[PDB]
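Since the structure comes first, as structure tokens, the remarks are kept for the end.
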Amino acid sequence: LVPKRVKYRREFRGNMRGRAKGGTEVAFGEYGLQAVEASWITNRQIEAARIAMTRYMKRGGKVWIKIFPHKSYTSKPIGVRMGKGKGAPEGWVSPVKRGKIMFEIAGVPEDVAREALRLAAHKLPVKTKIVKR
Amino acid sequence: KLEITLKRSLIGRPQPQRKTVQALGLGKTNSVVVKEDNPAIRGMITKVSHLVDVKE
Amino acid sequence: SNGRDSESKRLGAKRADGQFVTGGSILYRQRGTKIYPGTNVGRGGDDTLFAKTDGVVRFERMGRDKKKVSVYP
RNA sequence: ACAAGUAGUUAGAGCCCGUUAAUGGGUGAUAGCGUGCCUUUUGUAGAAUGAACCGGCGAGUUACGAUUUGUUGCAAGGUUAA
RNA sequence: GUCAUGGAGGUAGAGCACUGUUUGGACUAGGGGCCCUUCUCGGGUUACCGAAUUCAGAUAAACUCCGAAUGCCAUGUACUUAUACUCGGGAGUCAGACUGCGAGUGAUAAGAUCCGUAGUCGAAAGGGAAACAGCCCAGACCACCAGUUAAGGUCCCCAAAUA
RNA sequence: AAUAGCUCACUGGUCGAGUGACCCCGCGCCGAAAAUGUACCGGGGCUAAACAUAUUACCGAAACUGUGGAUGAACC
RNA sequence: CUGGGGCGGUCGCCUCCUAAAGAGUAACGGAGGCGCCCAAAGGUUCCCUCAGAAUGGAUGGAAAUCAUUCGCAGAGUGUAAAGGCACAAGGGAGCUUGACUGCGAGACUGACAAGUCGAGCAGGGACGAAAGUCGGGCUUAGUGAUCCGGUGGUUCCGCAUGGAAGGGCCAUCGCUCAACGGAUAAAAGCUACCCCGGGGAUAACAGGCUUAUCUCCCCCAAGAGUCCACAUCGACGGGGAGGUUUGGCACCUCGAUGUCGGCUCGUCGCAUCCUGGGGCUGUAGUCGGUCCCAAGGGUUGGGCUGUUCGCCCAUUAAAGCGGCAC
RNA sequence: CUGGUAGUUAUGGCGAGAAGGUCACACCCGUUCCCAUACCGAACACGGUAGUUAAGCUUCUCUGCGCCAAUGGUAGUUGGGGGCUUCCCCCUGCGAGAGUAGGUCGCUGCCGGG
Ligand SMILES: [K+]
Ligand SMILES: [Mg+2]
Ligand SMILES: [Mg+2]
Ligand SMILES: [Mg+2]
Ligand SMILES: [Mg+2]
Ligand SMILES: [Mg+2]
Ligand SMILES: [Mg+2]
Ligand SMILES: [Mg+2]
Ligand SMILES: [Mg+2]
Ligand SMILES: [Mg+2]
Ligand SMILES: [Mg+2]
Ligand SMILES: [Mg+2]
Ligand SMILES: [Mg+2]
Ligand SMILES: [Mg+2]
Ligand SMILES: [Mg+2]
Ligand SMILES: [Mg+2]
Ligand SMILES: [Mg+2]
Ligand SMILES: [Mg+2]
Ligand SMILES: [Mg+2]
Ligand SMILES: [Mg+2]
Ligand SMILES: [Mg+2]
Ligand SMILES: [Mg+2]
Ligand SMILES: [Mg+2]
Ligand SMILES: [Mg+2]
Ligand SMILES: [Mg+2]
Ligand SMILES: [Mg+2]
Ligand SMILES: [Mg+2]
Ligand SMILES: [Mg+2]
Ligand SMILES: [Mg+2]
Ligand SMILES: [Mg+2]
Ligand SMILES: [Mg+2]
Ligand SMILES: [Mg+2]
Ligand SMILES: [Mg+2]
Ligand SMILES: [Mg+2]
Ligand SMILES: [Mg+2]
Ligand SMILES: [Mg+2]
């Protein structure tokens, strides 16, 4: 998951204060994985969690990724002093605020959904809760 | 008519609070001032309620 | 490759609503008409709004989305 | 001569004295508190600087101009220089 | 300084009306796969792409249909308070520090760096935090073998509850 | 080896009161290894002398007050 | 200037974000522009409305021009961006030169130098029937002082007098002075042969903070392991501890904290190399593996490399890994 | 009653439906004259009033679109305090945006004709 293009190549880290303004109620699937505390979810973590959910379902039922990594983040290499302008873009993150349903799934029984989502949750740097519609 | 007593120090407090306490006519800690109960005075007291104590 | 920026142009209101101003007092500095000339007010060549006569400054609404500054003696 | 000490200070027995005689002097068991001085620093007990100790010597002055304050004399005048 | 009244201003939040980023349907265009009486001119399929289109749902320092709290500028015939301005004589300062809050840079590291804003230190002794410039409490004119309180405390070191 | 054999589920009997799931909150547990010496409460030590909620006494500063003294400014 | 210095980059001006809803506000923070252009792209009068899409039409094609309907701007605005603009500031046409001379109450902005806006007055005009508008351009960049020269003008001065020379005043022109408040009219390097004044304001060593990186330990479990996730391993991801690495920072020390390796002497940690005890095992046995407990003692002679390290020879129960100013 | 002309953040607008007409208003007929078209009497201008409410215009109904919009709650937040500090919580005041109940097919002034 990467933005096809971006207005600006570099961008503020921002902050993660408050409950997510939207996407706090499961809207597509039966079951959803709700963030309980805030964190940056990198695209590498979203892919890890997606494959983990999907493999366990065996091409059965649907998986909605409700978060997208819109925000680039930069880094400085090792052995580079501070200054000389902002570092090069490294990757892509989605700042997930608390209460944000990150994944949703439908078309499998509760037990498989609940199992799929715990496998997904173990790849994410955030405390999760499984919630249903 | 209110009796206002400065019960906390102004050391460590922002200018606005010090300036309000001054305009109320309070000096040293435990200074006391008697004022006619107005909306204007009541408004000053609200700004520094954490610094003073108010009687009747 | 960045590092540049112009001097700030100290735009915005220079006299308050309800304030007596002399003729020629700049009321508002602006690019374009954020605010429009009212009665006894003129728009300078750089959109500066100024009092044509002495009087009291009044910022009014002039129709839903627009705004104007007048000077009433 | 069972003690952990920037050396004093506050509290204080005991012992010895007796003054410019006054809620005095010497010493100080024991108890509390306590990180020299200077320089330079955001910050120095500083493991930054300087001084072994004592004594002497050792750093905003004078001239001529400018300006301002104060004082005094005279005042639409005041004042002489060589 | 506060109250009242007026006003400028687009931040927080929020929102998707615009601009960008984006998920899943549905919907037709088409082109490309797929078979093809065909000159791939035209059909029949597609889920391989697709640019619109709507429905639902997200997202923003350099988006805004919206929009606070504060702060700011004024006014008053309001209540408090005691400075303000002008002109002269004399300066010093132009290495700042940390803490809280709001930002950037950094890795949402630094006792980092750079602004904003408040405080303390600097130039502030006292009490607390074992010790501890920058934290908490609080400002030392001098004396007293008087009293009350702050933070912090009250079994012993160690003042106060074995409340 | 396949069979045989032992066992459960699932029932009557005895016995004579409770027993079995799930969710939420408080406080705890593991996860927890560094170099001179205990050494991640200052110490002693504490099962409260810890924590929570509520209460009230006291201690506690060069704060404020008392008493005496010195001193700057302003106004009578 | 500079998160030491050098190298690279930058140096003045304009727009935005950073900027915390007045103004202002830093960084070798994030993005772009400028060093002009225009005789109309200026003034004024009058008149007007754009983009795009649908539909139908010869050359004509997705897209030229024409017609209709729907179209608040999805166009345009010389030129970045922001703020504006459909009573248009956008588009036509007619006449024009106000892209005027003298000024200017009063404001804004500013340390100063400068910069910005300005009603209104007079002269004489342009357009307009008049009202009126017009001292350039929708607004905000497009610039550079003084000194010295050049040209033009002048009821100014003219060193006894008349002139003149020369100066003054008004107008205007000549340097990338761009390091853009411009040291001069005129300016590059090496120093390990160096020297003085200073600085822990500032680097190299060691310490400190930090822990991205590093080492170690874990979570999840897709896989591997003859079947078999978890004997032994473990991708994609996730969470810690440590403070031995590579780094970041510049807080102590520049009136000296004076050095890598080796030698001598050790001491400490345990994340254990050997020896001791145990659990599991893909533990038949032997020989092993792995984890738990365990720091008492032990833990090598050589060759090559300055070498830490490494490679090799030959041993050993073993040839542990770290800390202590490496 | 209708023509003109103002004011008022669209509660005023748009869209849909209906009715009305020498009392104006309008379209409508003409290009001789003034005056027009970067071509066109379409427009602009001028002269007519045979014809008609079809359209604009005026009045009436409608909530489909827009627009306006409480209360309550929430977000945020000044000040004051706490934490387990990517942040979070408590007290006091202020208090959105969204959403909702609901409101709206305008209101108001002058002048002429009726
Ligand atoms: K997780
Ligand atoms: Mg405080
Ligand atoms: Mg700036
Ligand atoms: Mg101009
Ligand atoms: Mg002893
Ligand atoms: Mg003894
Ligand atoms: Mg020493
Ligand atoms: Mg010495
Ligand atoms: Mg003098
Ligand atoms: Mg926001
Ligand atoms: Mg914003
Ligand atoms: Mg610092
Ligand atoms: Mg600060
Ligand atoms: Mg100093
Ligand atoms: Mg102190
Ligand atoms: Mg102490
Ligand atoms: Mg000190
Ligand atoms: Mg007491
Ligand atoms: Mg006691
Ligand atoms: Mg005192
Ligand atoms: Mg450098
Ligand atoms: Mg550095
Ligand atoms: Mg601002
Ligand atoms: Mg002559
Ligand atoms: Mg310069
Ligand atoms: Mg040589
Ligand atoms: Mg030297
Ligand atoms: Mg230093
Ligand atoms: Mg420096
Ligand atoms: Mg170092
Ligand atoms: Mg050291
Ligand atoms: Mg620094
Ligand atoms: Mg020395
Ligand atoms: Mg062990
Ligand atoms: Mg060797
Ligand atoms: Mg060494």
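Here is how names work: the chains are called A, B, and so on, in the same order as the sequence lines, proteins then strands, and each is numbered from 1.
If you check every strand for non-hydrogen atoms under 4.0 Å, A/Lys21 touches a base. Heavy atoms of A/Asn15 sit under 4.0 angstrom from at least one base atom. At a threshold of 4.0 angstrom between heavy atoms, the contacts of A/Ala38 include nucleobase atoms, whether or not backbone atoms are also involved.
The glycosidic torsion of E/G134 lies within 90° of 0, which places this base in the syn conformation.
Remark: bases of strand neighbours H/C60 and H/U61 are stacked by the 5.5 Å centre distance and 30° plane angle definition. Remark: bases of strand neighbours D/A4 and D/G5 are unstacked by the 5.5 Å centre distance and 30° plane angle definition.
Going from atom CH2 of A/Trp64 over to atom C1' of E/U23 covers 11 Å, rounded to whole Å.
Using a 4.0 Å cut-off on heavy atoms, none of the residues of residues 22-37 of chain B approach RNA chain G.
Considering only residues two or more places apart in sequence or on other chains, A/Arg114 meets the salt bridge (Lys or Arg N to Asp or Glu O under 4.0 Å) condition with A/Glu110. Every residue meeting the side-chain hydrogen bond (donor to acceptor under 3.5 Å, both in side chains) condition with C/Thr48, not counting sequence neighbours, appears here in chain and number order: C/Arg29, C/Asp46. Every residue two or more places apart in sequence or in another chain that forms a side-chain hydrogen bond (donor to acceptor under 3.5 Å, both in side chains) with C/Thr22 is listed here: C/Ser25. Taking the side-chain hydrogen bond (donor to acceptor under 3.5 Å, both in side chains) definition, one finds that A/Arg9 meets it with nothing, sequence neighbours left out. Residues meeting the salt bridge (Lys or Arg N to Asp or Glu O under 4.0 Å) test with C/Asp54, sequence neighbours left out: none. For B/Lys1, the side-chain contact (heavy atoms from CB on, under 4.5 Å) partners at least two apart in sequence or on another chain are B/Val34, B/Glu36.
For the OP1/OP2 pair of H/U11 and a distance below 4.0 Å, the side-chain nitrogens and oxygens of C/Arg64 include at least one atom meeting the criterion. Distances shorter than 4.0 Å separate some side-chain N or O of C/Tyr28 from OP1 or OP2 on E/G9.
Place C/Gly23 and A/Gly79 on RNA chain G by their nearest nucleotides, and C/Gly23 ends up nearer the 5' end.
Between G/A203 and G/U253, the two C1' atoms lie 14 Å apart (nearest whole Å). Across E/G10 and E/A26, the matching P atoms stand 45 Å from one another, rounded to whole Å. Only the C1' atoms considered, G/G57 is 49 Å distant from G/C16, to the nearest whole Å. Taking the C1' atom of each, G/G74 and E/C18 are spaced 9 Å apart, rounded to whole Å.
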Discussion item. Using a 4.0 Å heavy-atom cut-off to protein, can you give one letter per nucleotide of nucleotides 17-30 of chain G, 5' to 3': B if the base is in contact, S if only the sugar-phosphate is, - if neither?
Written reply: BB----SSS--BSB

Worksheet entry | Letter per nucleotide, 5' to 3', of nucleotides 74-91 of chain G [B base touched, S only sugar-phosphate touched, - untouched; heavy atoms, 4.0 Å] | ---------BSS---B--

Worksheet entry | Annotated protein contacts, base or backbone, on nucleotides 234-243 of chain G with a non-hydrogen cut-off under 4.0 Å, one of B, S, - each | -BBBSS----

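The base of E/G6 lies outside donor-acceptor range of the side chain of C/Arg58, with no N or O pair under 3.5 Å. One N or O donor and one acceptor, one from the side chain of C/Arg29 and one from the base of G/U116, sit under 3.5 Å apart.
Under the salt bridge (charged side-chain N to carboxylate O under 4.0 Å, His left out) criterion, the residue pairs touching residues 84-105 of chain A are A/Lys66-A/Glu104, with sequence neighbours excluded.
In this structure, H/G17 forms a base pair with H/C60, meeting the Watson-Crick or G-U wobble definition at 3.5 Å. Between G/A224 and G/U232, a Watson-Crick or G-U wobble pair is formed, both defining distances falling under 3.5 Å. The base of H/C65 engages H/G13 as a Watson-Crick or G-U wobble partner, both distances under 3.5 Å.
Ring planes of C/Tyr28 and C/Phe59: perpendicular class, angle over 60° (limits at 30 and 60°).
Which of E/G9, E/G1, E/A74 sits closest to the side chain of B/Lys19 comes down to E/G1.
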Can you check nucleotides 74-79 of chain H for protein contacts, nitrogen or oxygen pairs under 3.5 Å, and list what you find?
unit_1	atom_1	unit_2	atom_2	d
H/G79	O3'	B/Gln17	NE2	3.0

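For the pair A/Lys76 (side chain) and A/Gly83 (backbone), a donor-acceptor distance under 3.5 Å is present.
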